[PDB]
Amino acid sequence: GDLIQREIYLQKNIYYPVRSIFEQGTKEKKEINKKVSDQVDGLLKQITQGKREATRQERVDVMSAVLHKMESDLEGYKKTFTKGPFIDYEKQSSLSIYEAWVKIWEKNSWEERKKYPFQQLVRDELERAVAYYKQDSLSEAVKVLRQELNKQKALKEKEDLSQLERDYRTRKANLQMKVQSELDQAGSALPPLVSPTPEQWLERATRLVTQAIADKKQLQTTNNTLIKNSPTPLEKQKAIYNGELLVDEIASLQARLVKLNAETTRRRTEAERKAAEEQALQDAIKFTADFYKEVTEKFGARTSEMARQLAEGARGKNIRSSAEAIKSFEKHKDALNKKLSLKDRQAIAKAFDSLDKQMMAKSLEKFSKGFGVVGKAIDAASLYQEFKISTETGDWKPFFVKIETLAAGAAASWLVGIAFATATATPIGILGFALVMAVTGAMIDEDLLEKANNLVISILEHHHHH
């Protein structure tokens, strides 16, 4: 009724309660950030037990947990406030609030009003006034916590990137050794090789490097997609780094492949040279076999058989001493001087003078190879001259001395090569070739001298007369 009653009602039921709500509301908003910060720290101190400082992850985890609880309370208070219209309590008169409340109440029916009195609505509206200031302070508390949480997340991300850079630099440094270890790992899958030639293990190493290049290039195409479709900068930087590492590895592998290709070529060439050495040996054996045939063609069966027996009888023997040779040759000598004419001596001496040194040297290397005796140094012209002097004079003692000196400690077969090399480079004739074999034979074996000595005499079907 009375205007005093109305003023008492407005003060008691609207102004005095709302003002308290607003006072408590502002008190909470002033202390919320401090209380939120202290719950985070107090909880972090519980996890660590004040023995160590909390990790960035531990900080992010607690702050997120607290924020999720604050956001759910915010939604709750924001739902209650939502149920009615917006009244900015602090800026309204007690009459403004009253008329707003009356309008809300009037929305009901008369029967509704009997079950829900105005005083009941007043109670509900004051609960909604608390809800309004609760959601307002909580909205600010959430904005601050979300900003601090985000900063922490950013710091963590920066820290993760620093360790990613650290892992990369270390890996980058250990490049050469890493590729070697990777190739070995690939190599373990492979079965054992027995007595491998260098060309065999080079082929296997070339296969590992080639496949490692092929696989690393396939990983690079895959990694380019990983960079393009990255969900976070951390996952992108991981891919950027791995991609850099992959190019470094491929280049290391390619450098290795170049060396392998070069070495393989060196090995192949070497094997071709070795194979050409075995062919030269077989061609030397062919040349020795052909020499006997050619001798048969030009001098007949008996001279060739005498050359063949000279070569076979020298096998595994060494050269005798000049004294031995002089003694053996002096024994059978008398007949030779008497049955050998001056014209003969001159014909044999002349042949030796016409001797071709180049073809002689080439034949001696082939015969020496065929007999499997080492290549020996000789001044051929010196040797032949002494042979010629020895043919012209009756004296062979200075010949034997020259051969012993020239070939002391050598195989008897080398002398045979010298004998044979002479027949191929000189117009020596059947007689000269037989005397050469006789002289060579005295330096090897007594029975080889006797056999050749018989051939010389037998060859002397010359017309020696008046």
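A residue's number is simply how far along the shown sequence it sits, counting from 1.
Just going by the entry, 19 to 27 versus 449 to 457 on mean CA temperature factor gives the higher value to 19 to 27. According to the PDB record, 103 to 111 carries the higher mean C-alpha B-factor of the two stretches 103 to 111 and 340 to 348. Of the candidates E386, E392, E127, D283, it is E127 whose Cα B-factor is highest according to the PDB record. When the C-alpha B factors of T296, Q120, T288, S368 are read from the deposited coordinates, the top value falls at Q120.
Sorting the modelled residues of the chain by their CA temperature factor places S304 in the lowest third. In the deposited entry, the Cα temperature factor of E182 sits in the middle third of values across the chain's modelled residues. In this PDB entry, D379 carries a Cα temperature factor that places it within the middle third of its chain's modelled residues. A311: CA B factor in the lowest third of modelled residues in this chain (values from the PDB entry). Among the modelled residues of the chain, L260 sits in the middle third by CA temperature factor in this PDB entry.
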